[PDB]
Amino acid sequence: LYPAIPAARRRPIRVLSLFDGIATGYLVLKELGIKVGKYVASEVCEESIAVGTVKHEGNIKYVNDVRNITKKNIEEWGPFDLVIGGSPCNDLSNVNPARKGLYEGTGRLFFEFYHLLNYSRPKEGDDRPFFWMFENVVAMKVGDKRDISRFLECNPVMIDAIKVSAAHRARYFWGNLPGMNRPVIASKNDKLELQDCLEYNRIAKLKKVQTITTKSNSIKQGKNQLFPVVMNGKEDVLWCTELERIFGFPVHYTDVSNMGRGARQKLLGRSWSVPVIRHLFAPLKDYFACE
């Protein structure tokens, strides 16, 4: 679709990340070798911001609550080459019995992504490259999946992290990135089964775990709520460093701000699967500078 760019005419990428979380988008782009010129992140969780500032050493400009970003800010902070974001799904996911849909609660924060996306879009007559991506859960109402597809004017592609990670994670992905519908392929450094993510002297009962949420009981597998690890002949839950390896994050990526077990699992449960985002951002290397 978008015309190819000669290698010398490429310039560092300028990213606007809404609902940035623990800076998964920046981590992926830096691991791909893409030179990042600017990364504006909209996040309100102090512990999440702490991870992004410490692990990336202040290369990320945090711009608090997304609802306070004005049209002037998009022009001042811009222009942007990439606009990514994953809206909170605590009011959209089927796992919540009291979810409030897309138009109430935290589900309406999706329209903030739709709002600032049109602000960031190049004006009529600007044929410069521009990409965007939006991620959310699969387990949402058909009425919410329909309306989200209408505001973004495109249909999502479902990518499960089961193909590149050791965990179930089925997620929709709206966007216009190159080759999103392409077959997902596993990498050489992808830890595909649970035993690859565990520490020394720990045995994995299963090869692939169920979807990890912010709650500690999503670690207990199956209907009988089985502990997924055996250590020294005793059953045990997953460790924080093991949850990171499952998601593809670097080890000790959430060892920030004196966070404990429940705190680190809360940030990881919301996050993206790193090798899945790498699969989506991979064809961006032929449009921006490298290092």
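The numbering used is simple: start at 1 and walk along the sequence shown. Here the rigid core means the biggest group of C-alpha atoms that line up within 1.5 Å when the two forms are laid on top of each other.
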Superposing the other structures by the rigid core, the farther-displaced stretch by RMS over CA atoms in 4 other deposited structures of this protein, of 224-232 and 254-262, is 224-232
Please establish whether a third or more of the other compared PDB entries omit coordinates for residue 117.
no
Is residue 94 without coordinates in at least a third of the other compared PDB entries of this protein that model the residues flanking it?
no
Please work out which of 123-131 and 161-169 has the higher mean CA B-factor as recorded in the PDB entry.
123-131
Looking only at CA atoms, which has the higher mean B factor in the entry: 61-69 or 248-256?
61-69
With respect to the C-alpha temperature factors reported in the PDB entry, which of 199, 104, 112, 193 ranks highest?
104
Candidate residues 215, 208, 99, 205, the one whose C-alpha B factor the record puts highest
99
Check where residue 38 lands among this chain's C-alpha B-factors and tell me if it's the lowest, middle or highest third.
middle
Of the three thirds of its chain by CA temperature factor, lowest, middle or highest, which one includes residue 30?
middle
Lowest, middle or highest third: which one holds residue 223 when the chain's residues are ordered by CA B-factor from the entry?
highest
Please rank the C-alpha B-factors of the chain's modelled residues and tell me whether residue 264 sits in the lowest, middle or highest third.
lowest
Going by the recorded CA B-factors, say which third of the chain residue 270 sits in, lowest, middle or highest.
lowest
